[PDB]
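Enquirer: Quick check, what structure comes out for this input:
(chains A, B and C)
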Amino acid sequence: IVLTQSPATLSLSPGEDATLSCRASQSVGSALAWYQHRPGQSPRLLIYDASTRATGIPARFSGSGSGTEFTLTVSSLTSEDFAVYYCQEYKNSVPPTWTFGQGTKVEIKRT
Amino acid sequence: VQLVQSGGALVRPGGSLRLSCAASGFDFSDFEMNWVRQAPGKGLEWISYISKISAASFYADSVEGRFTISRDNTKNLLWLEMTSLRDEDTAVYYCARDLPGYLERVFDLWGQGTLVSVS
Amino acid sequence: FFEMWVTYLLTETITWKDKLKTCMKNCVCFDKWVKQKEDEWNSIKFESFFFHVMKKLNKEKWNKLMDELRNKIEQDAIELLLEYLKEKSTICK
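Expert: Residues are numbered from 1 along each chain as shown, chains lettered A, B, ... in the order given. Pasting the structure now:
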């Protein structure tokens, strides 16, 4: 299912809360996940049911959304939260699809 | 829990390459495996999946007929036999672990990355 | 409706294969179930159905069924599965 990361590049100061989006072309449900590709590192799973939190993930990574609109809200941006965030649908249709988004990006804003 | 890959390699176009992904710290037979591809400046893109046994194997639409995912659940190795490599397969190949539950088709723990570059 | 129907057809096919392991009174009920599914297919008109069926049944059964259907062959796969079920119901006893 087409997933659109509207925020894309995001100039935000560290220590602040950052909201994101992942618009689906079709009605998926709760079958959407979120990822974090930190620079110089492998991706990691943050949320796996568009509301939950994966094991080993701090409670500041929270999300919401159950239809075609999805949103990941990360709070108190540390040095490693400035990464590229992907959203993956895993909708239980036949044939099964593993579709990512383009990748929204959170960056440090300056003057 | 750890997924250690084989490291990058240089291959000519139209050639073949066998990636590896040695898993440790858990039971390899109890976890579904995945291959995720990232081209330079394109983003993440799933290419392969294999089940707990070889009962199910799924491929992306761009990789069907060319690539083959296989696993050895007694040697804890996951392969991706690569065949007829084009110029758009210069990418970084990630080895991902799927969560328990066949409905929850997410990529839980990832490998170290493997830059496959064709020339 | 259709896709979950094929899911329940494959799930109950694997379950009936498990139930008829001693038959290598359940044959008559199996023939009634095959006739019921054939009537449902008359009213309406497999590898990708892995996740739904394995959500219903956590055992892989699935690799036996797919291998038996691929040995059989070597809108249309439904007809192949129903011919497989009628062929098993013929030789049940």
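Enquirer: Residue B:17 in helix, strand or coil?
Expert: strand (DSSP: H, G, I helix; E, B strand; the rest coil).
Enquirer: State the helix or strand in which residue 21 lies.
Expert: You didn't pick a chain, so chain A it is. Under the criterion DSSP states H and E, no helix or strand holds residue A:21.
Enquirer: was after chain C, sorry
Expert: Following DSSP H and E, there is no helix or strand that holds residue C:21.
Enquirer: Would you map the strands across chain C?
Expert: For chain C, no strands are identified by DSSP state E.
Enquirer: Break down it into its helices, ranges please.
Expert: For chain C, applying DSSP state H gives helices covering C:2-19, C:26-44, C:50-56, C:62-73, C:77-90.
Enquirer: and the residue nearest the centre of chain A, bridged to which residues?
Expert: In chain A, the residue lying closest to the centroid (Cα atoms, centre = their mean) is residue A:34, at 4.0 Å. Using DSSP bridges, the bridge partners assigned to residue A:34 are residue A:47, residue A:87.
Enquirer: Contact partners for residue B:42?
Expert: residue B:91 (Cβ atoms under 8 Å, 6 or more residues apart in numbering or on different chains). Where you see a C-beta, it was placed from the backbone N, CA and C, and this is true even at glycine.
Enquirer: swap in residue A:110?
Expert: residue A:11.
Enquirer: try residue A:46
Expert: Contacts of residue A:46 (Cβ under 8 Å, 6+ apart): A:33, A:34, A:35, A:36, A:53, A:54, A:57, A:61, A:63, A:72, A:85.
Enquirer: Assign a three-state SS to the residue most central in space within chain B, would you?
Expert: Residue closest to the average C-alpha location in chain B (Cα atoms, centre = their mean): residue B:35, at 2.8 Å. Following three-state DSSP, the label given to residue B:35 is strand.
Enquirer: That one and residue B:47 touch, don't they?
Expert: Yes - counting by Cβ atoms under 8 Å, residue B:35 touches residue B:47, with 5.1 Å between them.
Enquirer: Common neighbours of these two, please.
Expert: Common neighbours of residue B:35 and residue B:47 (Cβ under 8 Å, 6+ apart) are B:67, B:80, B:93.
Enquirer: now those residues as a markdown table including neighbour count, secondary structure and distance to residue B:31?
Expert: Formatted as a markdown table, those follow (neighbours: other Cβ atoms under 10 Å in any protein chain shown; DSSP: H, G, I helix; E, B strand; the rest coil; distance: Cβ to Cβ, whole Å):
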| residue | neighbour count | secondary structure | distance to residue B:31 |
| --- | --- | --- | --- |
| B:67 | 21 | strand | 20 |
| B:80 | 25 | strand | 16 |
| B:93 | 24 | strand | 18 |
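Enquirer: Looking at the residues you listed, which is nearest residue B:8?
Expert: residue B:93 (8.7 Å; Cβ to Cβ).
Enquirer: so the closest one bridges to which residues?
Expert: Residue B:93 forms beta bridges with residue B:37, residue B:114, as assigned by DSSP bridges.
Enquirer: can you pull the contacts of it?
Expert: Shown in contact with residue B:93 (Cβ under 8 Å, 6+ apart): B:5, B:19, B:35, B:36, B:37, B:38, B:47, B:80, B:113, B:114, B:115, B:116.
Enquirer: do the same with residue C:23
Expert: Contact partners of residue C:23, counting by Cβ under 8 Å, 6+ apart, are C:92, C:93.
Enquirer: Residue C:30 now?
Expert: When contacts are counted by Cβ under 8 Å, 6+ apart, residue C:30 touches C:16, C:19, C:20, C:88, C:89, C:92.
Enquirer: Quick check: residues of chain A near chain C?
Expert: A:92, A:93, A:94, A:95, A:96 (Cβ under 8 Å from any Cβ of the partner chain).
Enquirer: which pair in the residues you listed spans the largest distance?
Expert: Farthest apart among these by Cβ to Cβ are A:92 and A:95. That separation is 11.0 Å.
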